[PDB]
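Structure first, commentary second.
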Amino acid sequence: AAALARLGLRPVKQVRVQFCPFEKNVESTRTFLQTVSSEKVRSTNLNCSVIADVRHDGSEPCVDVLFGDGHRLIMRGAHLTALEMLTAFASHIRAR
Amino acid sequence: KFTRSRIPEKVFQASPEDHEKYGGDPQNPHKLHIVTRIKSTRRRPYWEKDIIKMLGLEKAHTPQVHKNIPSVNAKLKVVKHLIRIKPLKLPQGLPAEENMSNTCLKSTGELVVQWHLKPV
Amino acid sequence: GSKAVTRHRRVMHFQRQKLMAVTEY
Amino acid sequence: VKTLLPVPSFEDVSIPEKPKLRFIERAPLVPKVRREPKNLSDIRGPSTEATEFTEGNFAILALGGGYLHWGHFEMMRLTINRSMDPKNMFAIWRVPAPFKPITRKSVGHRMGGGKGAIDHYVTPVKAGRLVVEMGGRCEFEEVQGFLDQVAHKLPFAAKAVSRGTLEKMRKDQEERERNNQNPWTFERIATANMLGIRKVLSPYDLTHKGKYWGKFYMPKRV
Amino acid sequence: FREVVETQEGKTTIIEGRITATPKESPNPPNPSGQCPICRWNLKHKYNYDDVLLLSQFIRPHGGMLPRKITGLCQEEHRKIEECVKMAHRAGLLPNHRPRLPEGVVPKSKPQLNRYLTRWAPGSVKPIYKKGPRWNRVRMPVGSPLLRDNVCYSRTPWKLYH
Amino acid sequence: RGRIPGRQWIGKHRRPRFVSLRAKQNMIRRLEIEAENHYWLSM
Amino acid sequence: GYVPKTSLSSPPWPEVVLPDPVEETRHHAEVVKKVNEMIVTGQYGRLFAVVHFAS
Amino acid sequence: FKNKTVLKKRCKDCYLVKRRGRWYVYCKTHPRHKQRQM
RNA sequence: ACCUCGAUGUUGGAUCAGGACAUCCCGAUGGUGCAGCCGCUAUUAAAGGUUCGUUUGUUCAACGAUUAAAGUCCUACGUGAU
RNA sequence: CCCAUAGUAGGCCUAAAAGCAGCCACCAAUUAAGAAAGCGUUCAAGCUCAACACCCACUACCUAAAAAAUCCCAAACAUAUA
Ligand SMILES: [Mg+2]
Ligand SMILES: [Mg+2]
Ligand SMILES: [Mg+2]
Ligand SMILES: [Mg+2]
Ligand SMILES: [Mg+2]
Ligand SMILES: [Mg+2]
Ligand SMILES: [Mg+2]
Ligand SMILES: [Mg+2]
Ligand SMILES: [Mg+2]
Ligand SMILES: [Mg+2]
Ligand SMILES: [Mg+2]
Ligand SMILES: [Zn+2]
């Protein structure tokens with residue numbers, strides 16, 4: 001997941017993840033949170049932060065992100081894998 | 001130094017596989033052979049030409065019957081790379097005095113005693 | 001006429017080549 | 001998790017004195033006053049002596065015939081001394097010193113007047129003869145590497161094999177030679193004289209079985 | 001199968017992940033003991049490059065292919081399908097398996113030159129000007145080196161260099 | 001373009017002649033006939 | 001034994017079957033009888049033959 | 001590019017590619033390792 | 001010494017050119033121990049030029065003045081029924 | 001496909017060589033990492049690999065091609081049964 005570190009993460013404002021521990025379709029959002037909270041991607045900017053929200057009766061692995069342009073991007077990883085959402089977020093943060 | 005190439009005795013040894021492959025038998029062997037010159041005497045040493053001329057094989061594709069003795073055996077092993085060795089079998093008996101003008105060699109070495117020009 | 005051992009491989013005779021081609025693994 | 005196999009311990013192989021290769025001189029201690037002809041039968045056919053190992057477990061197996069003069073020996077010994085470990089590796093020469101005289105005449109001279117003068121000296125090497133043997137307390141990758149590095153520089157074909165590798169190659173060779181589909185072996189045709197082939201062949205082919213030709217070696221002839 | 005769906009509504013891109021349906025294999029295999037999809041239907045060395053139905057079941061709609069862990073082929077069978085699919089897009093086969101592009105199909109340069117059994121790329125090979133003498137003539141390759149073990153009915157090997 | 005040296009059948013650099021399939025079949029049938037002759041000349 | 005219809009599964013030549021041998025012999029007998037009748041009734045003219053004379 | 005019969009990687013960033021009928025060794029970190037197949 | 005002693009004219013120069021790159025250049029690339037004009041390496045392309053002079057008998061060889069050059073080999077060591 | 005803290009500048013001529021200048025022993029802590037397996041370093045920084053943590057396709061049939069001079073040479077067909 002070094003592409004997200006080589007690209008950049010400055011214009012982003014606040015990101016967060018929500019999932020359930022007992023579900024069997026929460027590994028994608030789990031590894032996404034693990035890759036997005038590394039060392040290079042976290043030290044490339046200090047004006048942003050992450051929120052790790054863990055609920056029991058959520059029953060949905062939704063990941064909502066937004067940057068400084070006032071937009072909003074929410075991606076629920078119910079069936080998507082990790083690389084797909086990673087490259088989607090990369091393209092969305094590079095194009096805007 | 002190309003001379004006369006000798007052949008050991010381990011090559012001319014019968015085996016059950018060769019008996020089951022062809023149509024021979026070790027007990028009671030055949031007494032006569034059928035030689036047929038298929039290769040020319042040219043580009044071959046002079047002793048091979050002499051053996052071919054002494055065995056009575058001047059023309060090609062000509063049948064000839066010899067004995068089954070170690071002498072003719074060696075004479076045939078010398079020119080095996082020039083002729084074809086085939087045994088001679090008799091379906092019936094030997095041609096008598098009356099069955100002389102009515103005979104035929106036939107194919108695959110079958111000296112028939114009664115040869116006719118009428119179908120079965 | 002060449003020797004028996006040379007460096008240019010030396011193509012064999014036609015009959016020897018046929019024998020080596022018909023008796024392969 | 002993965003398993004952890006024990007490393008091969010090296011405690012029964014002691015390095016002797018002088019681990020590096022000795023010096024190879026050009027002419028011997030006494031010159032040969034009698035000029036000898038260039039007998040080509042000293043490199044044609046399989047090797048007789050210096051075939052198996054002796055002390056080490058790694059050696060370069062030759063796959064062809066050729067002559068090696070003083071420069072080749074110097075290059076080999078320099079490469080060995082510069083690409084080895086003196087405290088863990090040691091090599092022993094397997095081929096003797098070059099002693100076969102070669103007569104060379106003057107440049108631009110007419111044909112005649114007897115033979116020329118003896119210049120350098122070479123040594124006969126047959127196929128399957130171990131050129132150099134090296135042992136020690138190392139493994140197989142590095143030694144095979146820096147032995148093939150030198151074998152590729154040799155004029156004739158040569159590979160870096162060991163004991164187990166030689167055993168395996170001989171096993172697969174005999175397996176391929178004993179499991180032949182077509183029932184027309186070169187030995188059966190050469191020994192029994194089939195189709196008058198002895199006219200264009202050679203009397204030395206009866207022992208070579210069609211596996212040698214002049215100085216090369218074809219391991220795929222069977 | 002699975003597809004991605006992105007919708008825009010109020011400056012909020014909604015990227016969904018809906019899983020659709022997909023067919024399965026017939027519940028009557030001829031050779032159930034086979035380990036490969038080609039071997040279980042007795043298609044071992046029985047197919048050619050003209051079979052557009054067999055090649056369309058292991059590729060992507062945009063021209064791509066599928067790995068061995070998804071299909072089930074071995075090492076020698078996966079390379080044969082990879083070579084036969086390249087011989088179809090060049091001969092005009094599979095018109096619906098074209099790669100996506102914005103608006104690049106505007107200038108029609110070289111016209112549709114008909115071809116078949118194309119082994120290498122057209123605009124890459126070099127024209128043979130010398131062609132050698134006679135014995136060591138440089139012939140033009142054709143066919144595929146992995147399609148030599150197929151069943152023949154002409155009593156002659158497949159001549160790939162002529 | 002490719003030129004052959006002096007005589008393409010004798011000398012050093014010669015035009016090599018190879019084997020096809022008819023020659024192989026002929027050699028096979030001749031070896032079979034000779035093996036049959038060896039078998040019939042083994043008694 | 002079942003094989004899908006591809007390009008190399010079925011042979012290029014059409015599969016030819018053989019009729020009943022009894023019916024074939026009956027048809028041959030009928031044909032030779034008709035030929036014998038046409039010969040005995042006299043419905044031919046200007047015939048040729050291939051005589052193997054002097055080799 | 002340099003004509004080389006036996007191609008090999010001289011460092012780490014060198015990646016092998018197959019283009020226009022020849023194997024080329026491209027590298028972005030050390031451009032001196034560009035090799036061309038003859 | 002394999003046709004050539006009942007005969008294959010032998011070094012240059014004038015005139016006439018043809019083919020090939022192992023290319024001096026203008027056409028197009030990558031790197032550099034490429035800071036920019038001066039250099040080098042590897043690839044494709046022959047549509048042209050390859051000077052003005054001296055003396056030594058020269059195809060060899062020597063020296064004065066230019067641009068991108070005074071390039072190489074074969075054509076009977078090209079061409080004397082010119 | 002990811003991944004890397006520390007007892008230290010482990011012992012010594014040269015000013016020091018701190019993991020790549022030489023010697024015998026090449027220690028030692030939590031899961032797990034070499035007093036150093038491959039580039040850039042007078043003495044320090046920059047990059048990977050082996051070892052956890054993590055999933056776990058083949059993780060490799062070993063190496064075997066070339067360009068001279070009038071212009072390159074017959075043409076063609078991998079699929080109706082030796
Ligand atoms: Mg000639
Ligand atoms: Mg003469
Ligand atoms: Mg004369
Ligand atoms: Mg005259
Ligand atoms: Mg005259
Ligand atoms: Mg060029
Ligand atoms: Mg002048
Ligand atoms: Mg002249
Ligand atoms: Mg003239
Ligand atoms: Mg005149
Ligand atoms: Mg460090
Ligand atoms: Zn590089």
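Starting from 1 in every chain, residues are counted up; chains themselves are A, B, ... following the order of the structure tokens, and ligands are numbered from 1 as listed.
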Inset, instruction - Dump the neighbourhood of ligand 10 as a PyMOL selection string: all residues within 9 Å, distances computed on only C-alpha atoms (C1' of nucleotides) and all ligand atoms. - result: chain I and resi 80-82
Next, dump the selected residues to file, keeping only C-alpha atoms (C1' of nucleotides), as a PDB file, in the first residue's frame.
ATOM      1  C1'   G I  80      46.070   0.465 -71.892  1.00  0.00           C
ATOM      2  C1'   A I  81      40.374  -3.064 -79.079  1.00  0.00           C
ATOM      3  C1'   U I  82      40.626   5.277 -74.662  1.00  0.00           C
TER       4        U I  82
END
Inset, instruction - Find the residues of chain J in contact range of chain G, meaning any atom within 9 Å when counting only C-alpha atoms (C1' of nucleotides), and list them as a list in words. - result: residues 79, 80 and 81 of chain J
For residue A:71, work out the shell of residues within 8 Å, counting only C-alpha atoms (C1' of nucleotides) and skipping chain neighbours fewer than 4 positions away, then give it as a JSON list (two decimals) with N, CA and C atoms, in the first residue's frame.
[["chain", "number", "residue", "atom", "x", "y", "z"],
["A", 66, "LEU", "N", -13.73, 12.14, 3.10],
["A", 66, "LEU", "CA", -13.95, 13.46, 2.54],
["A", 66, "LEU", "C", -12.67, 14.27, 2.68],
["A", 67, "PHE", "N", -12.45, 15.17, 1.72],
["A", 67, "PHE", "CA", -11.27, 16.01, 1.69],
["A", 67, "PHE", "C", -11.66, 17.48, 1.88],
["E", 11, "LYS", "N", -23.17, 15.60, -4.79],
["E", 11, "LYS", "CA", -21.74, 15.64, -4.52],
["E", 11, "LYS", "C", -21.32, 14.54, -3.55],
["E", 12, "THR", "N", -22.02, 13.40, -3.59],
["E", 12, "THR", "CA", -21.72, 12.25, -2.74],
["E", 12, "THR", "C", -21.67, 11.01, -3.63]]
Inset, instruction - Throw together the list of residues within 12 Å of ligand 5, counting only C-alpha atoms (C1' of nucleotides) and all ligand atoms, and drop it here as an MDAnalysis selection string. - result: chainID I and resid 4 6:9 81
Inset, instruction - Within 10 Å of residue B:83, counting only C-alpha atoms (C1' of nucleotides), which residues show up once you throw out same-chain ones fewer than 6 positions away? Write them as a PyMOL selection string, please. - result: (chain B and resi 34-40+52+57+60-61+76-77) or (chain F and resi 33-34+37)
How would the residues just picked look written out with N, CA and C atoms as a short mmCIF file (atom, residue, chain, number, x, y, z; two decimals), in the first residue's frame?
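File out.cif, as written:
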data_model
loop_
_atom_site.label_atom_id
_atom_site.label_comp_id
_atom_site.auth_asym_id
_atom_site.auth_seq_id
_atom_site.Cartn_x
_atom_site.Cartn_y
_atom_site.Cartn_z
N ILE B 34 15.99 -70.32 -48.53
CA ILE B 34 15.60 -69.64 -49.77
C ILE B 34 16.29 -68.27 -49.74
N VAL B 35 17.35 -68.12 -50.51
CA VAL B 35 18.09 -66.87 -50.57
C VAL B 35 17.58 -66.05 -51.75
N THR B 36 17.60 -64.73 -51.59
CA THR B 36 17.13 -63.80 -52.62
C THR B 36 18.01 -62.57 -52.58
N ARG B 37 18.80 -62.37 -53.63
CA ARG B 37 19.70 -61.22 -53.70
C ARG B 37 18.91 -59.94 -53.88
N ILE B 38 18.96 -59.06 -52.89
CA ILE B 38 18.26 -57.78 -52.94
C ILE B 38 19.21 -56.59 -53.05
N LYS B 39 20.48 -56.75 -52.70
CA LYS B 39 21.46 -55.67 -52.79
C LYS B 39 22.54 -56.05 -53.79
N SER B 40 23.02 -55.07 -54.54
CA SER B 40 24.02 -55.32 -55.56
C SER B 40 25.38 -55.63 -54.93
N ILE B 52 29.02 -64.07 -53.37
CA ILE B 52 27.76 -63.96 -54.10
C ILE B 52 27.83 -64.74 -55.41
N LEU B 57 24.05 -66.51 -57.18
CA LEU B 57 23.11 -65.40 -57.09
C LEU B 57 23.59 -64.25 -57.98
N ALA B 60 19.34 -60.45 -59.74
CA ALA B 60 18.61 -60.03 -58.56
C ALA B 60 17.21 -60.62 -58.56
N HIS B 61 16.65 -60.76 -57.35
CA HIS B 61 15.31 -61.31 -57.16
C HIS B 61 15.18 -62.71 -57.76
N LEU B 76 26.11 -67.55 -45.72
CA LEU B 76 24.95 -66.66 -45.72
C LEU B 76 25.10 -65.53 -44.72
N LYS B 77 25.75 -65.78 -43.58
CA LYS B 77 26.00 -64.71 -42.62
C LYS B 77 26.98 -63.68 -43.16
N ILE F 33 14.27 -56.80 -41.93
CA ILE F 33 14.58 -57.94 -42.79
C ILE F 33 15.88 -58.61 -42.35
N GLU F 34 16.88 -57.81 -41.97
CA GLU F 34 18.15 -58.38 -41.54
C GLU F 34 18.01 -59.09 -40.19
N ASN F 37 16.53 -62.37 -40.98
CA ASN F 37 17.57 -63.25 -41.51
C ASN F 37 18.46 -63.79 -40.39
#
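Taking only C-alpha atoms (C1' of nucleotides), the non-local environment of stretch 18-35 of chain E within 9 Å (same-chain residues fewer than 5 positions away omitted) comprises residues 78, 79 and 80 of chain A; 1, 2, 3, 4, 5, 40, 41, 42, 72, 73 and 74 of chain E; 1, 2 and 3 of chain G.
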